[PDB]
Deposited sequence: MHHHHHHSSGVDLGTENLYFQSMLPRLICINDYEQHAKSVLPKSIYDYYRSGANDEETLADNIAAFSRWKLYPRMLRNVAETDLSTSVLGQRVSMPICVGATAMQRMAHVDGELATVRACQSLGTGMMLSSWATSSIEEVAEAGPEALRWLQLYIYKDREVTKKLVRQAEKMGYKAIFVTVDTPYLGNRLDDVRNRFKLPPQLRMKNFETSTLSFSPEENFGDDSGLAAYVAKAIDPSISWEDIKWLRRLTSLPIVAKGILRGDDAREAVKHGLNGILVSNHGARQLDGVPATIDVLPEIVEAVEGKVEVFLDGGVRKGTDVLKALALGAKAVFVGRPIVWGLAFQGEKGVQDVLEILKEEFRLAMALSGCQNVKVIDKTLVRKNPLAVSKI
């Protein structure tokens, strides 16, 4: 049945309620960046090397000094219990099985402690939104710290929610038996999230956990994050759900890698569906990629097992792409592989 990520999305459309599928699928406004996140990867062509000996392809790498089994990690996607009853518990168990990391949404349908309990041995990080209530915000960080999360991904591209048209048409809401368990979405954001935050707030947040700035699209902003003692950059346009008409993340990734001059790790999300997508981002300088929507589609198919399958498909696609490209490990993936 389901042999590639696209298949999982098709299945999901077939089993999910419309307002839920649309919430997860949608981009902002006319969805130009949504389409481009995908299309851009196709414009970067691969130049494989032959005869390199690829008999035992090692996908292992590290993320902020924590080993992972592959440079493909789960990105924050809110409210996963809308997709499968088990939601984030399923996701973290799948990550534990695979040996990769999970970035937990601040707006998760399961709490920080809950997810830690379901995936003790999993590498886990907290995506943080800066709430107008800074005591709320601080408590989220302190609970992450206590419950063994290894980094904070602070989202910096959402002072307001992007305008996702289908959510407006559908009057998007949580299903009744569900809540954001650590405590319509546009209005939520307007009420709860602080549109005033600045670089001064980044200074405030600089916990001893590593901090990654999530949502950077400009080299000058990347340099500023370095200057503020952050420990990484997640090149992200928020799944094309915030400002429409920004470039594809794979197209802005070279500027940002350049700008940071190797001082922090650079990650990418947005449009990763295939193992060659992973290869291209590593070639251009990313240490690892995050996948958002594919994980929700995995949940929609079969909860933990579905997410494990989506990650295993990506792992195998990436292995094959590495092998056919002449790469026996992630350290040998270089910029001559792409043009």
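A.B. asks: Relative to the deposited sequence, which regions have no modelled C-alpha positions in the structure?
C.D. replies: Several stretches lack coordinates - namely 1-25, 209-225, 249-250, 384-392, in sequence order.
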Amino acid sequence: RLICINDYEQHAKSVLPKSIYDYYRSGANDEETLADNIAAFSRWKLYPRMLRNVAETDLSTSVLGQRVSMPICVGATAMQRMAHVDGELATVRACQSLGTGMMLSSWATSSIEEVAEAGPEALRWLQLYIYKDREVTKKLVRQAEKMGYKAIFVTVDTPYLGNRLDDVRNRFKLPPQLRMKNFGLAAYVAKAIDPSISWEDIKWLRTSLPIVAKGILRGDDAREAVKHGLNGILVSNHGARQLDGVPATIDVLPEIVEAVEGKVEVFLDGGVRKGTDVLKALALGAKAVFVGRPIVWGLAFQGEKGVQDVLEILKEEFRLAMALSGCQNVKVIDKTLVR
From here on, numbers count along this sequence of modelled residues.
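Rigid core: the largest C-alpha set superposing within 1.5 Å between the two forms.
A.B. asks: If you line up the core and then measure how far each C-alpha sits from this form in 8 other deposited structures of this protein, which stretch comes out higher, 187-195 or 118-126?
C.D. replies: Looking at 187-195 versus 118-126 in 8 other deposited structures of this protein, the farther one turns out to be 187-195.
A.B. asks: So which stretch wins on mean C-alpha B-factor, 290-298 or 59-67?
C.D. replies: Between 59-67 and 290-298, it is 59-67 that shows the higher mean C-alpha B-factor.
A.B. asks: Got a sec? Mean C-alpha B-factor, which is higher, 311-319 or 324-332?
C.D. replies: That would be 324-332.
A.B. asks: Say you rank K274, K280, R43, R52 by Cα B-factor from the PDB entry; which sits at the top?
C.D. replies: In this record, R52 carries the highest C-alpha B-factor of the candidates.
A.B. asks: Going by the entry, which of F267, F183, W125, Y160 has the most elevated CA B factor?
C.D. replies: Checking the PDB record, the top C-alpha B-factor among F267, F183, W125, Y160 is at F183.
A.B. asks: Ranking the modelled residues of this chain by C-alpha B-factor as given in the entry, is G75 in the lowest, middle or highest third?
C.D. replies: Answer is lowest: the recorded C-alpha B-factor places it there.
A.B. asks: Using only modelled residues of the chain, where does the Cα B factor of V246 rank: lowest third, middle third or highest third?
C.D. replies: Tercile = lowest for this residue's CA B-factor.
A.B. asks: Can you work out whether the C-alpha temperature factor of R179 puts it in the lowest, middle or highest third of the chain?
C.D. replies: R179: CA B-factor falls in the highest third of its chain.
A.B. asks: What third of the chain does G239 rank in for C-alpha temperature factor, lowest, middle or highest?
C.D. replies: Bottom third by C-alpha B-factor.
A.B. asks: Quick check for you: using the entry's CA B-factors within this chain, is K263 in the lowest, middle or highest third?
C.D. replies: As the PDB entry reports it, the C-alpha B-factor of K263 lands in the highest third of its chain.
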